[PDB]
Amino acid sequence: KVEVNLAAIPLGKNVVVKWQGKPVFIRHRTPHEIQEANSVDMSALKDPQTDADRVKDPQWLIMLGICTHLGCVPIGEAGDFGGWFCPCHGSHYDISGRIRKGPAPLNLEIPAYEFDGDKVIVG
Amino acid sequence: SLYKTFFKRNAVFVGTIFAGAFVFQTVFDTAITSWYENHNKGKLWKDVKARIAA
Amino acid sequence: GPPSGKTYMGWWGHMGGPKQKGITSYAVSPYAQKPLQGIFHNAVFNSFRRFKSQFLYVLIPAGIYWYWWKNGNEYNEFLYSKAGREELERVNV
Amino acid sequence: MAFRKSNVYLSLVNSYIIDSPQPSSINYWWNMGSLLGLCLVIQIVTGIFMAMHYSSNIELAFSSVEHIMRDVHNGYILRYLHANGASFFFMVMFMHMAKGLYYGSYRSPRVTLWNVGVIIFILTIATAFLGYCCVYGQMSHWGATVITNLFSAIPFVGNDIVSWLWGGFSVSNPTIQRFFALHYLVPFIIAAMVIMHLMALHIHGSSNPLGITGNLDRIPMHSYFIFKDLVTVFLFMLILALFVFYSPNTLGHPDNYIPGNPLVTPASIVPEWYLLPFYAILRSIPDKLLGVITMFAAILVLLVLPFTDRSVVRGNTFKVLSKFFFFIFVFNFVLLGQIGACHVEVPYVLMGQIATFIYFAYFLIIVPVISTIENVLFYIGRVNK
Amino acid sequence: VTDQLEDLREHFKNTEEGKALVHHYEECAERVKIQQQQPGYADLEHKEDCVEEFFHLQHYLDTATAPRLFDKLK
Amino acid sequence: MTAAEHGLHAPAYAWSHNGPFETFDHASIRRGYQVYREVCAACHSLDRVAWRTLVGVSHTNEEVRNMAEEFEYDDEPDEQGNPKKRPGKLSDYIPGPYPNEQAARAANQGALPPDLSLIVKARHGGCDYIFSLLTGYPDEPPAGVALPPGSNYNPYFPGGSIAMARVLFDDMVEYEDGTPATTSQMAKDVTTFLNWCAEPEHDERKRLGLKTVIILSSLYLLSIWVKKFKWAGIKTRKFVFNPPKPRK
Amino acid sequence: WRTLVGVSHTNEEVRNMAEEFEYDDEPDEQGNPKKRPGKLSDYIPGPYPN
Ligand SMILES: CCCCCCCCCCCCCCCCCC(=O)OC[C@H](COP(=O)(O)OCCN)OC(=O)CCCCCCCCCCCCC
Ligand code: HEM
Ligand code: HEM
Ligand code: HEM
Ligand SMILES: COc1c(O)c(C)c(C/C=C(\C)CC/C=C(\C)CC/C=C(/C)CC/C=C(\C)CC/C=C(\C)CCC=C(C)C)c(O)c1OC
Ligand SMILES: CCCCCCCCCCCCCCC(=O)O[C@H](COC(=O)CCCCCCCCCCCC)COP(=O)(O)O
Ligand code: FES
């Protein structure tokens, strides 16, 4: 269990931590990025998924960034939407971490993170 | 004969195998080092050590 | 020790082959003959006769597969060229 | 009687290496058993003298292999005799499982001898893998990650087995530290299954390259095949010494000298070159659960070989069709060791699916069919009706 | 004293085989420069680059200047 | 993978330590350390090379006790537990320029510059890659390639975009023996030095290998005779068959 | 600190006893060292540095 704070993650810096021996990709978002994330239709994705079932508190972005092909490393604030670009096979990801441009067949997963006030239990 | 001295008793057969592998150990090691350094003259350290002559 | 099963090999004396009779086996000591008596004319004439028999059983299984590997490895390098990206888009998907 | 027969210990030496009647017509392919006995002592003696300097933590694994190669006297000899000698183990053994597959040494009454062969072959694959993950290189961390994540495909018992196998949640300090105490051990299980392999051989004796009874002309082992084994011992020592002193890192992967980092994946994870055919069988099935089975079925399909060979003649020596189709199988096995090295790209997926069908249709379809046709042709060629 | 590779790479640049390659790469580099000025280029997702024509030119100079270079260096 | 993702092939340069009898050019390791200390010691660790390994390879014993006293390592603390420093010695290691990993990525724009102690054996190509990586930088990318900002092109790196810019220009170091310090002379000198850092046994391994293949190919040729000698009774054993009378 | 949970202290009495001391965090994005308050997975700190 990692216990990063509910006041530490800044807006425009992409946190990449090793939780449980695995890379976890964190950002803090703005309220305008909630409707910006799922603005693309589900038909323009290879899997239908909205921002609701992916992220519980859509201001607090919590993502597991092991990619579906090899487990390559996306880079923060790079790509074609201001999200994450995976330079391993060119798998572009949005601010919601879903595959739009690239050969990765599924979205990147989400770990079981829980809010309890002044903390998050990412486990 | 030659057989009656060396190869008859096995106590002196393996005596002159070990005495012929003791001489072969020090000779073949020297004659390989002295060839392998001479094949690479100008590249070893003691050639650079002499060529730093200031 | 306990008695064991029936095997198809015994030991020296009761080896368990068929009974043989009238087979004479002459042999000379190796101290009286020359080893390496025919190392030449066997490395040239005998070793060609062995090669003449068992080489169409090795070459044709390696002339089917090496042609198969090379005709794929030069089709893999055609798809990943600038000239074969309009064919890779129809076979990778 | 003689003291070599009258003693309780020496009569085991006498009945196995001195007075054992071998058939007097066995060619040089019958030395690969004696090489594997020597090549096992090479791995074991250069494992004890190397594990006196090896610390098995995840922080000091790769840093203490380099401590062997830099700080120990003749340490470069030990690490290279044993990383290359392990790759010479699997090349002698692949020529030992292919002598017996060719000369019909799997058939009855030597099915007990063949089944201890497949058991030794599985423990030797499992030994050489568990020591590969002890260097903690980049190909060995991501080798253990790819292999032990295949057991997450077993239904409902997947994740509990893997998390037991890792000893944690990923390949971490308890995995490497237990992949050493296991890898220390399994050679002593191979060294006991080899003694259980000579007992299965000694009851019926060796075969001979004709495939007929060898009870007629038998010569002893001492001074005849002792000195016929010393030719190929001193040759195997020669080709090993070229691959140890003159070109030591030719067989291994270059990425295994990067220290293992779980955050950066390499370009293409491949195992070492001898597991590369089975890695191409594993990768051929477009499913995860069937891949674990078929990669394990490809070692266990050697067991149906005594029951699918329908020939009244032992071995392929005097057969035309079953000698041609044997070398198609060998050069198919080399091709599977090549598709295992290429990436998952067109057309190495249609090849790796076809050239794994020929691995399985050899034992199940080709050998029963072409050996029934090779018995009617032996019959109607001589009988006149 | 100028470097030993670049003049050697300049000497094999203007042979007969090289000038049929360094012109062939330059013909690719012109078709890029008229594609990089057309409208709608930034959102085209199929951009022809000349890494293949550069690789043929660089591999020809690599085979020609590999065994000759180390004789120059002290 | 296309040719760009795979990297351009590293050509076969005629090194002076190739071949089964040639050792390292130890005059090019002493001149290879000086290119290391003055160009890439600023951003590359050499973590596995002790100072004592250089004594008798490229530098003498007095030169390393002055090359190692420039840096400062940690000593065991004083009588009151305060941490104190000390000048180095022969038994210490060649220190990197960055105190941790995050201080390394902060300076070189995110990318971590890899430790060079085993970088010759850890690359496909070997010395022909490390030489041709430094002398592979063109004056511009090929027409059509848009690099990311802060990354440099050379085709021998797998993928094109590397994060190291060209750090070898003509006469940026000055050799101690008057060798002309061009780029091709300097890249040849580090690549021989980093080959010594990766394989510090390359001189003794190739002369014990000479002592073995002479013995193990003369032991093997002796054993063909003693095999053929002790098998001459069975190689030339003759059988005849006089078929017995069937009265029994 | 985790072994004291359930043996002689509750779960909140140890998360307010380990947050009195300070341990070495992993360094920041400029490589400067930094401290953090303790957690349940740390050992009880001794009173002397060496
Ligand atoms: C898990 C499953 C395990 C399966 C293992 C798969 C095979 C492993 C690969 C090892 C290859 C070993 C090949 C050995 C073949 C068996 C030995 C053999 O058959 O040799 C005898 C054969 C003919 O000899 P005969 O005894 O039949 O004839 C007597 C006539 N009086 O003599 C010959 O016909 C010539 C023998 C030439 C051997 C060529 C080997 C090629 C090796 C591949 C190299 C690939 C590079 C392209
Ligand atoms: C059938 C017997 C064995 C086989 C096939 C085998 C195989 C291997 C292999 C493939 C490696 C990896 C080499 C590398 O990539 O560098 C290795 C490493 C190692 N093995 Fe073995 N091994 C055997 C027996 C043993 C024994 C008996 C021991 C210890 C007593 C041992 C101890 C080690 C150690 C310490 C390493 C250290 C990592 C290294 O330096 O390579 N091995 N072994
Ligand atoms: C450490 C590994 C092994 C050792 C030390 C070993 C040992 C031996 C020895 C000494 C012999 C007698 C010499 C000979 O017949 O060639 C033999 C025979 C045999 N071995 Fe093994 N073996 C090993 C692995 C295997 C494997 C992996 C297989 C098959 C899958 C196998 C199958 C056989 C067979 C079939 C024979 C009998 C061949 C015949 O005499 O007709 N062995 N083994
Ligand atoms: C003689 C000088 C140098 C040599 C031989 C050298 C060698 C290397 C090598 C072998 C690599 C790895 C390339 C690969 O993995 O394919 C590398 C990467 C790198 N070098 Fe250098 N280096 C030198 C100087 C420098 C200097 C002075 C810097 C200063 C900033 C630098 C920064 C980097 C960085 C940031 C990388 C990582 C690039 C990446 O992995 O994307 N290098 N260097
Ligand atoms: C059928 O006829 C036969 C036949 O009978 C036999 C036996 C063989 C030969 C095969 C073998 C001998 C294989 C058997 C192999 C083993 C039993 C492996 C055992 C090997 C070992 C090395 C045992 C382990 C013991 C040690 C490692 C002790 C060494 C001590 C060390 C390293 C510690 C050193 C420390 C100090 C302080 C000196 C044949 O090849 C053969 O066909 C001709
Ligand atoms: C244990 C693992 C398997 C190892 C496989 C080795 C199989 C061959 C063993 C060779 C032993 C030779 C002894 C024969 C003998 O003593 O005959 C003796 C005399 O033979 C000799 O003098 C041979 C000279 C010594 C040879 C030295 C070889 C050592 C190399 C070791 C390599 C293997 C470890 C009796 O022979 P005779 O009965 O014909 O008179
Ligand atoms: S890692 Fe290859 S596509 Fe995401």
# chains A, B, ... in the order shown; residues from 1 in each chain; ligands from 1
call {"tool": "residues_near_ligand", "arguments": {"ligand": "ligand 1", "cutoff": "6 Å", "atoms": "only C-alpha atoms and all ligand atoms", "output": "ChimeraX atom specification"}}
result
/C:54 /D:94-95,97-99,102,209,299,317,330,333
call {"tool": "interface_residues", "arguments": {"of": "chain B", "to": "chain F", "cutoff": "10 Å", "atoms": "only C-alpha atoms", "output": "list in words"}}
result
residues 28, 29, 31, 32, 33, 35, 36, 37, 39, 40, 41, 42, 43, 44, 45, 46, 47, 48, 49, 51 and 52 of chain B
call {"tool": "interface_residues", "arguments": {"of": "chain F", "to": "chain E", "cutoff": "10 Å", "atoms": "only C-alpha atoms", "output": "PyMOL selection string"}}
result
chain F and resi 2-4+7-16+28+128+132+135-136+141-146+155+160+169-171+179-186+188
call {"tool": "write_last_selection", "arguments": {"atoms": "N, CA and C atoms", "output": "tab-separated table (two decimals), in the first residue's frame"}}
result
chain	number	residue	atom	x	y	z
F	2	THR	N	11.22	-1.73	-38.70
F	2	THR	CA	11.80	-1.26	-39.95
F	2	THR	C	13.30	-1.06	-39.74
F	3	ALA	N	13.97	-0.44	-40.71
F	3	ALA	CA	15.40	-0.22	-40.57
F	3	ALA	C	15.69	0.90	-39.59
F	4	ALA	N	14.78	1.86	-39.45
F	4	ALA	CA	15.01	2.98	-38.55
F	4	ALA	C	14.88	2.56	-37.09
F	7	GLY	N	17.99	0.39	-36.14
F	7	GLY	CA	19.30	1.01	-36.15
F	7	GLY	C	20.11	0.58	-37.36
F	8	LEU	N	20.94	1.49	-37.84
F	8	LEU	CA	21.85	1.18	-38.92
F	8	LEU	C	22.92	0.21	-38.43
F	9	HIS	N	23.38	-0.65	-39.33
F	9	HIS	CA	24.37	-1.65	-38.97
F	9	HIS	C	25.72	-1.01	-38.72
F	10	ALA	N	26.41	-1.48	-37.70
F	10	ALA	CA	27.74	-0.97	-37.40
F	10	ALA	C	28.77	-1.69	-38.26
F	11	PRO	N	29.53	-0.99	-39.10
F	11	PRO	CA	30.45	-1.67	-40.02
F	11	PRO	C	31.66	-2.22	-39.29
F	12	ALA	N	32.41	-3.06	-40.01
F	12	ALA	CA	33.49	-3.84	-39.41
F	12	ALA	C	34.79	-3.07	-39.52
F	13	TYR	N	35.14	-2.35	-38.46
F	13	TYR	CA	36.40	-1.63	-38.43
F	13	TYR	C	37.52	-2.57	-38.01
F	14	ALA	N	38.70	-2.33	-38.56
F	14	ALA	CA	39.84	-3.21	-38.32
F	14	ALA	C	40.51	-2.79	-37.02
F	15	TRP	N	40.01	-3.32	-35.91
F	15	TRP	CA	40.57	-2.98	-34.62
F	15	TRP	C	41.92	-3.64	-34.43
F	16	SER	N	42.70	-3.09	-33.51
F	16	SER	CA	44.03	-3.61	-33.24
F	16	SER	C	44.05	-4.69	-32.18
F	28	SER	N	46.94	3.18	-26.47
F	28	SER	CA	45.66	3.79	-26.76
F	28	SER	C	44.67	3.66	-25.62
F	128	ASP	N	32.39	-1.81	-32.55
F	128	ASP	CA	32.02	-1.19	-33.81
F	128	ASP	C	30.77	-0.34	-33.67
F	132	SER	N	31.20	3.87	-33.94
F	132	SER	CA	30.36	4.48	-34.95
F	132	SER	C	29.18	5.24	-34.39
F	135	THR	N	30.93	8.92	-34.06
F	135	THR	CA	31.22	9.47	-35.37
F	135	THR	C	30.07	9.25	-36.34
F	136	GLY	N	28.85	9.20	-35.84
F	136	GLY	CA	27.72	8.93	-36.69
F	136	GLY	C	26.77	10.10	-36.76
F	141	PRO	N	19.39	16.11	-39.57
F	141	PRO	CA	18.62	14.89	-39.80
F	141	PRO	C	18.27	14.74	-41.27
F	142	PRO	N	18.00	13.52	-41.72
F	142	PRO	CA	17.53	13.33	-43.09
F	142	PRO	C	16.18	13.98	-43.30
F	143	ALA	N	15.96	14.45	-44.52
F	143	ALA	CA	14.86	15.36	-44.81
F	143	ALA	C	13.54	14.63	-44.70
F	144	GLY	N	12.82	14.89	-43.61
F	144	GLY	CA	11.53	14.28	-43.39
F	144	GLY	C	11.34	13.84	-41.96
F	145	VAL	N	12.41	13.89	-41.17
F	145	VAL	CA	12.39	13.44	-39.79
F	145	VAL	C	12.30	14.65	-38.88
F	146	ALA	N	11.29	14.67	-38.02
F	146	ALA	CA	11.10	15.73	-37.03
F	146	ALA	C	11.42	15.14	-35.66
F	155	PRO	N	22.05	7.83	-36.87
F	155	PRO	CA	21.27	6.67	-37.30
F	155	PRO	C	21.65	5.36	-36.65
F	160	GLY	N	16.76	6.21	-34.03
F	160	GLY	CA	17.09	7.51	-34.57
F	160	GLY	C	17.40	8.53	-33.50
F	169	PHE	N	34.52	17.00	-31.01
F	169	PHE	CA	34.96	17.89	-32.06
F	169	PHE	C	36.48	17.85	-32.13
F	170	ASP	N	37.02	18.38	-33.22
F	170	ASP	CA	38.45	18.28	-33.48
F	170	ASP	C	39.25	19.12	-32.49
F	171	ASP	N	40.25	18.49	-31.88
F	171	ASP	CA	41.23	19.12	-30.99
F	171	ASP	C	40.56	19.75	-29.77
F	179	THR	N	49.85	13.16	-30.29
F	179	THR	CA	49.00	12.56	-31.30
F	179	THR	C	47.95	13.58	-31.73
F	180	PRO	N	47.65	13.68	-33.03
F	180	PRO	CA	46.61	14.62	-33.48
F	180	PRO	C	45.24	14.21	-32.99
F	181	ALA	N	44.60	15.09	-32.22
F	181	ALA	CA	43.39	14.76	-31.49
F	181	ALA	C	42.15	15.10	-32.31
F	182	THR	N	41.95	14.35	-33.38
F	182	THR	CA	40.75	14.51	-34.18
F	182	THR	C	39.59	13.75	-33.53
F	183	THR	N	38.41	13.82	-34.14
F	183	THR	CA	37.27	13.06	-33.62
F	183	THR	C	37.48	11.57	-33.83
F	184	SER	N	37.94	11.20	-35.02
F	184	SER	CA	38.16	9.80	-35.33
F	184	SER	C	39.32	9.21	-34.56
F	185	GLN	N	40.27	10.04	-34.13
F	185	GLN	CA	41.30	9.56	-33.24
F	185	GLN	C	40.79	9.45	-31.82
F	186	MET	N	39.90	10.35	-31.41
F	186	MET	CA	39.43	10.33	-30.04
F	186	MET	C	38.37	9.26	-29.81
F	188	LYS	N	38.17	6.50	-31.42
F	188	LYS	CA	38.91	5.25	-31.42
F	188	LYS	C	39.61	5.01	-30.10
call {"tool": "atom_distance", "arguments": {"atom1": "CA of residue 122 (chain F)", "atom2": "CA of residue 255 (chain D)"}}
result
5.5 Å
call {"tool": "residues_around", "arguments": {"residues": "residue 90 (chain F)", "least_positions_apart": "6", "cutoff": "9 Å", "atoms": "only C-alpha atoms", "output": "list in words"}}
result
residues 50, 51, 52, 53, 55, 61, 64, 65 and 68 of chain F
call {"tool": "interface_residues", "arguments": {"of": "chain D", "to": "chain F", "cutoff": "7 Å", "atoms": "only C-alpha atoms", "output": "CSV table (one decimal) with N, CA and C atoms, in the first residue's frame"}}
result
chain,number,residue,atom,x,y,z
D,223,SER,N,39.3,-50.4,-21.8
D,223,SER,CA,40.3,-50.2,-22.8
D,223,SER,C,39.8,-50.3,-24.2
D,224,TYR,N,38.4,-50.3,-24.4
D,224,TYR,CA,37.9,-50.3,-25.7
D,224,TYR,C,37.0,-49.1,-25.9
D,227,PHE,N,38.7,-45.8,-24.1
D,227,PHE,CA,39.6,-45.1,-25.1
D,227,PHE,C,38.9,-44.6,-26.3
D,228,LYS,N,37.6,-45.1,-26.6
D,228,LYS,CA,36.8,-44.5,-27.6
D,228,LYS,C,36.0,-43.3,-27.1
D,230,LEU,N,37.6,-41.2,-24.8
D,230,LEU,CA,38.6,-40.2,-24.6
D,230,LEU,C,39.0,-39.5,-25.8
D,231,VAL,N,38.5,-40.0,-27.0
D,231,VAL,CA,38.6,-39.2,-28.2
D,231,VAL,C,37.7,-38.0,-28.1
D,234,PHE,N,38.3,-35.3,-25.3
D,234,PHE,CA,39.4,-34.3,-25.7
D,234,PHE,C,39.0,-33.5,-26.9
D,235,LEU,N,37.9,-33.9,-27.6
D,235,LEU,CA,37.4,-33.0,-28.6
D,235,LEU,C,36.4,-32.0,-28.1
D,238,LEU,N,38.0,-29.4,-26.5
D,238,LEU,CA,38.7,-28.4,-27.4
D,238,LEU,C,37.7,-27.4,-27.9
D,241,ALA,N,36.9,-25.0,-25.3
D,241,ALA,CA,38.0,-24.0,-25.0
D,241,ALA,C,38.1,-22.9,-26.0
D,245,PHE,N,37.8,-19.1,-24.2
D,245,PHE,CA,38.9,-18.2,-24.3
D,245,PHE,C,38.8,-17.2,-25.4
D,246,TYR,N,38.4,-17.7,-26.6
D,246,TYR,CA,38.5,-16.9,-27.8
D,246,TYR,C,37.2,-16.2,-28.2
D,254,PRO,N,23.5,-10.0,-25.6
D,254,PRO,CA,24.2,-8.9,-25.1
D,254,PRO,C,23.4,-8.1,-24.1
D,255,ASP,N,22.1,-8.2,-24.1
D,255,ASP,CA,21.3,-7.4,-23.1
D,255,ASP,C,21.4,-7.9,-21.7
D,257,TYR,N,24.0,-8.0,-20.0
D,257,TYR,CA,25.0,-7.2,-19.3
D,257,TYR,C,24.4,-5.9,-18.8
D,258,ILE,N,23.2,-5.5,-19.2
D,258,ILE,CA,22.5,-4.4,-18.6
D,258,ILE,C,22.0,-4.9,-17.2
call {"tool": "residues_around", "arguments": {"residues": "region 53-67 of chain A", "least_positions_apart": "4", "cutoff": "7 Å", "atoms": "only C-alpha atoms", "output": "PDB file with N, CA and C atoms, in the first residue's frame"}}
result
ATOM      1  N   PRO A  23       5.011   0.322 -12.279  1.00  0.00           N
ATOM      2  CA  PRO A  23       4.923   1.763 -12.551  1.00  0.00           C
ATOM      3  C   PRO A  23       3.484   2.260 -12.519  1.00  0.00           C
ATOM      4  N   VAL A  24       3.253   3.327 -11.758  1.00  0.00           N
ATOM      5  CA  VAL A  24       1.942   3.949 -11.620  1.00  0.00           C
ATOM      6  C   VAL A  24       2.059   5.395 -12.075  1.00  0.00           C
ATOM      7  N   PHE A  25       1.151   5.820 -12.949  1.00  0.00           N
ATOM      8  CA  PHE A  25       1.254   7.096 -13.647  1.00  0.00           C
ATOM      9  C   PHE A  25       0.154   8.026 -13.143  1.00  0.00           C
ATOM     10  N   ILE A  26       0.548   9.119 -12.488  1.00  0.00           N
ATOM     11  CA  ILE A  26      -0.387   9.974 -11.765  1.00  0.00           C
ATOM     12  C   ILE A  26      -0.289  11.385 -12.331  1.00  0.00           C
ATOM     13  N   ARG A  27      -1.439  12.049 -12.438  1.00  0.00           N
ATOM     14  CA  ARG A  27      -1.512  13.477 -12.707  1.00  0.00           C
ATOM     15  C   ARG A  27      -2.667  14.035 -11.883  1.00  0.00           C
ATOM     16  N   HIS A  28      -2.664  15.344 -11.667  1.00  0.00           N
ATOM     17  CA  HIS A  28      -3.803  16.040 -11.090  1.00  0.00           C
ATOM     18  C   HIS A  28      -4.426  16.915 -12.170  1.00  0.00           C
ATOM     19  N   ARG A  29      -5.740  16.805 -12.336  1.00  0.00           N
ATOM     20  CA  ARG A  29      -6.441  17.412 -13.457  1.00  0.00           C
ATOM     21  C   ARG A  29      -7.254  18.622 -13.011  1.00  0.00           C
ATOM     22  N   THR A  30      -7.770  19.336 -14.006  1.00  0.00           N
ATOM     23  CA  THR A  30      -8.652  20.482 -13.864  1.00  0.00           C
ATOM     24  C   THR A  30     -10.090  20.065 -14.166  1.00  0.00           C
ATOM     25  N   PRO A  31     -11.088  20.792 -13.646  1.00  0.00           N
ATOM     26  CA  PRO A  31     -12.489  20.471 -13.981  1.00  0.00           C
ATOM     27  C   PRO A  31     -12.848  20.573 -15.459  1.00  0.00           C
ATOM     28  N   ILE A  34     -12.332  17.131 -17.509  1.00  0.00           N
ATOM     29  CA  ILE A  34     -13.256  16.010 -17.375  1.00  0.00           C
ATOM     30  C   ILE A  34     -14.074  15.840 -18.647  1.00  0.00           C
ATOM     31  N   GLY A  71       4.525  -3.292 -22.048  1.00  0.00           N
ATOM     32  CA  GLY A  71       4.734  -2.662 -20.762  1.00  0.00           C
ATOM     33  C   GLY A  71       5.677  -1.489 -20.896  1.00  0.00           C
ATOM     34  N   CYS A  72       5.578  -0.789 -22.018  1.00  0.00           N
ATOM     35  CA  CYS A  72       6.495   0.296 -22.304  1.00  0.00           C
ATOM     36  C   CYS A  72       6.074   1.542 -21.526  1.00  0.00           C
ATOM     37  N   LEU A 108      -5.007   1.321 -20.842  1.00  0.00           N
ATOM     38  CA  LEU A 108      -4.152   1.015 -19.706  1.00  0.00           C
ATOM     39  C   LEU A 108      -4.988   0.914 -18.434  1.00  0.00           C
ATOM     40  N   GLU A 109      -4.586   0.001 -17.554  1.00  0.00           N
ATOM     41  CA  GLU A 109      -5.446  -0.408 -16.457  1.00  0.00           C
ATOM     42  C   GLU A 109      -5.423   0.614 -15.324  1.00  0.00           C
ATOM     43  N   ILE A 110      -6.285   0.375 -14.340  1.00  0.00           N
ATOM     44  CA  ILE A 110      -6.460   1.251 -13.190  1.00  0.00           C
ATOM     45  C   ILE A 110      -6.281   0.404 -11.939  1.00  0.00           C
ATOM     46  N   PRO A 111      -5.416   0.786 -11.007  1.00  0.00           N
ATOM     47  CA  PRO A 111      -5.280   0.023  -9.768  1.00  0.00           C
ATOM     48  C   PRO A 111      -6.406   0.365  -8.803  1.00  0.00           C
TER      49      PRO A 111
END
call {"tool": "decode", "arguments": {"residues": "region 67-79 of chain C", "atoms": "N, CA, C and O atoms", "output": "compact mmCIF listing (two decimals), in the first residue's frame"}}
result
# COMPACT_ATOMS: atom_id res chain seq x y z
N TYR C 67 15.35 -22.65 -48.12
CA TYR C 67 14.62 -21.84 -49.09
C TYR C 67 13.36 -21.27 -48.48
O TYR C 67 12.89 -20.21 -48.90
N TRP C 68 12.78 -21.96 -47.50
CA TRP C 68 11.56 -21.45 -46.88
C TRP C 68 11.86 -20.31 -45.93
O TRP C 68 11.10 -19.34 -45.87
N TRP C 69 12.95 -20.41 -45.18
CA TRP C 69 13.32 -19.34 -44.27
C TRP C 69 13.78 -18.10 -45.02
O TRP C 69 13.47 -16.98 -44.62
N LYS C 70 14.50 -18.28 -46.12
CA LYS C 70 15.00 -17.14 -46.87
C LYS C 70 13.89 -16.47 -47.67
O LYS C 70 13.93 -15.25 -47.86
N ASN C 71 12.89 -17.21 -48.11
CA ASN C 71 11.78 -16.59 -48.82
C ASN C 71 10.75 -15.99 -47.88
O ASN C 71 9.71 -15.51 -48.35
N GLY C 72 10.98 -16.01 -46.58
CA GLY C 72 10.14 -15.28 -45.66
C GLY C 72 10.90 -14.09 -45.11
O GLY C 72 10.34 -13.01 -44.95
N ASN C 73 12.19 -14.29 -44.86
CA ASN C 73 13.03 -13.23 -44.34
C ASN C 73 13.26 -12.11 -45.35
O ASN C 73 13.64 -11.01 -44.95
N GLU C 74 13.06 -12.37 -46.63
CA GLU C 74 13.09 -11.33 -47.64
C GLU C 74 11.69 -10.86 -48.01
O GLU C 74 11.56 -9.92 -48.80
N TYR C 75 10.65 -11.49 -47.48
CA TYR C 75 9.32 -10.90 -47.53
C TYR C 75 9.02 -10.10 -46.28
O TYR C 75 8.21 -9.18 -46.33
N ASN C 76 9.67 -10.43 -45.17
CA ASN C 76 9.57 -9.60 -43.98
C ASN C 76 10.25 -8.27 -44.20
O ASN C 76 9.78 -7.23 -43.73
N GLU C 77 11.36 -8.27 -44.93
CA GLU C 77 12.08 -7.04 -45.23
C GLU C 77 11.50 -6.27 -46.39
O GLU C 77 11.95 -5.15 -46.65
N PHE C 78 10.54 -6.82 -47.11
CA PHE C 78 9.82 -6.02 -48.09
C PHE C 78 8.68 -5.26 -47.44
O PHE C 78 8.39 -4.13 -47.83
N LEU C 79 8.03 -5.87 -46.45
CA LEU C 79 6.91 -5.22 -45.78
C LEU C 79 7.37 -4.04 -44.95
O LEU C 79 6.67 -3.03 -44.85
